[PDB]
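Using the deposited numbering, the first residue of the sequence shown is number 5, and each one after it goes up by one. Ideal Cβ placement from N, Cα and C applies to all residues, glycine included.
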Amino acid sequence: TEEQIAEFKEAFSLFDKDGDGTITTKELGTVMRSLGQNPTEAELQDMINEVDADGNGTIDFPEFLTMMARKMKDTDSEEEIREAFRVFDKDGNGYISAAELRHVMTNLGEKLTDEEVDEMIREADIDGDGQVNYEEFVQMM
Ligand SMILES: [Ca+2]
Ligand SMILES: [Pb+2]
Ligand SMILES: [Pb+2]
Ligand SMILES: [Pb+2]
Ligand SMILES: [Pb+2]
Ligand SMILES: [Pb+2]
Ligand SMILES: [Pb+2]
Ligand SMILES: [Pb+2]
Ligand SMILES: [Pb+2]
């Protein structure tokens, strides 16, 4: 929509120091260093390349818009998976145990045994710690 675009155009403007309608490796360098980040010229060219679809060596507003729109979908998606994880994790210690899973399953209408739930933890527990971490949760969804 019109309103959504004018929001991304402000962020775009922040990068485009010169107001010429593109973001350059050096301009992106200036912003990233405002945020306390290094970065090398090599790393900078890579960030540009990942967004510069026409391949003329800078980023234009349409490329910026297309990128930001996919990031916008990744952000929301990440924050929804994160919220579900926090609900399964009762003590908020960063790990979902068997008792926590069984307790949530029970509320979801599924009365499982500890054997059954220990099997579900084992199914997602890649690292074998005995409980489910965040990436495993994201991967298991
Ligand atoms: Ca993505
Ligand atoms: Pb604003
Ligand atoms: Pb510029
Ligand atoms: Pb072009
Ligand atoms: Pb273009
Ligand atoms: Pb371009
Ligand atoms: Pb926990
Ligand atoms: Pb158990
Ligand atoms: Pb694990």
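With distances taken from each beta carbon to the nearest heavy atom of ligand 6, which residues come in below 6 Å, in chain order?
Sorted by chain position, residues whose beta-carbon lies closer than 6 Å to a non-hydrogen atom of ligand 6 are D56, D58, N60, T62, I63, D64, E67.
With a CB to CB cut of under 6 Å and the five nearest residues on each side skipped, what residues in its chain are close to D93?
Answer for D93: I100, listed in chain order.
Per DSSP, what are the beta-bridge partners of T26 in this structure?
Per DSSP, the beta-bridge partners of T26 are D64.
At the level of alpha carbons, what is the spacing between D131 and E139?
For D131 and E139, the gap between their C-alpha atoms comes out near 11 Å.
Could you give the DSSP three-state label for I100: helix, strand or coil?
Three-state DSSP puts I100 in a strand.
Inter-residue Cα distance where the pair is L69 and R126:
Note on geometry: alpha-carbon atoms of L69 and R126 lie some 42 Å from one another.
Going along the chain, which residues of its own chain have a beta-carbon closer than 7 Å to the beta-carbon of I63, five neighbours each way excluded?
The residues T26, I27, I52, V55, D56, in chain order, have a CB closer than 7 Å to that of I63 in the same chain once the five nearest residues on each side in sequence are set aside.
Strand pairing of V108, partner residues [DSSP]:
DSSP, once it has assigned bridges, lists no residue as partnering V108.
Pull the bridge partners of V136 from the DSSP assignment, please.
Per DSSP, the beta bridge partners of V136 are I100.
Would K13 and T34 qualify as a contact pair, given that the criterion is a beta-carbon distance under 8 Å?
Contact flag unset, no.
Alpha carbon to alpha carbon, what distance is there between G96 and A15?
Near 34 Å, if we compare the C-alpha coordinates of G96 and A15.
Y99 Cβ short of 7 Å to ligand 7 heavy atom set
Yes; taking the cut-off as 7 Å, the Cβ of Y99 has a heavy atom of ligand 7 nearer than that.
Nearer than 7 Å: is that true of the beta carbon of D118 relative to any heavy atom of ligand 8?
For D118, the Cβ falls inside the 7 Å cut-off from some heavy atom of ligand 8.
Start-to-end residues for the alpha helix (DSSP H) that takes in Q8:
6-19 is the extent of the alpha helix (DSSP H) around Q8.
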